[PDB]
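Worksheet: one structure, shown below.
As a convention, Cβ positions derive from the backbone with ideal geometry for all residues, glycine included, and neighbour counts pool all protein chains shown. What follows draws every value from the coordinates through simple rules; no lab data is involved.
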Amino acid sequence: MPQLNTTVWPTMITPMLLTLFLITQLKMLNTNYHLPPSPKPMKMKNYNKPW
Amino acid sequence: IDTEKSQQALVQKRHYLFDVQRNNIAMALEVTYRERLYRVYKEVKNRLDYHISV
């Protein structure tokens, strides 16, 4: 089994740690879901006329 | 904006309270004056009429 040849094990481990812990995560951080544009038509800090 | 403009309209209508108060003061004074004149007239005429009736 070529999977047991431990000589090429760093070549398979070092890029993965860059791809899984740096690049894919930097691409998920740039995937953002903004909160809904919910517009409140009820917002009026008013008060009775000056009486 | 519409609500604020309506509030301004009511503020513009405010003056009727003081119009009412002034109307009532004037009318009460006039009623009192006329009742006093009728009282003095009635007493004078009433005494003269008691004399004429006896």
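Looking across the stretch A:13-51 at every residue that is within 14 Å of another protein chain (Cβ to nearest Cβ) and of a type in the set (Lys, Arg), the one that is surrounded by the most Cβ atoms within 10 Å (Cβ to Cβ) is identified as A:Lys49. Scanning the stretch A:30-49 for residues that are within 30 Å of B:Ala9 (Cα to Cα), touching a helix residue (DSSP H, G or I) at 6+ places or on another chain (Cβ under 6 Å), basic (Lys, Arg) and without any contact (Cβ under 8 Å) to a residue 60 or more places away in the chain turns up at least one hit. For the stretch A:1-46, which positions are over 30 Å from B:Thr3 (Cα atoms) and of a type in the set (D, E, K, R)? The one that is over 30 Å from B:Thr3 (Cα atoms) and of a type in the set (D, E, K, R): A:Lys27. Quick check, is B:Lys13 under 20 Å from A:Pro50 (Cβ atoms) and without any contact (Cβ under 8 Å) to a residue 24 or more places away in the chain? Yes; evaluated as a whole, the condition is true for this residue. Scan the stretch B:1-33 for residues that are within 14 Å of another protein chain (Cβ to nearest Cβ), among the hydrophobic types (A, V, I, L, M, F, W, C) and part of a helix (DSSP H, G or I) and the total you get is 5.
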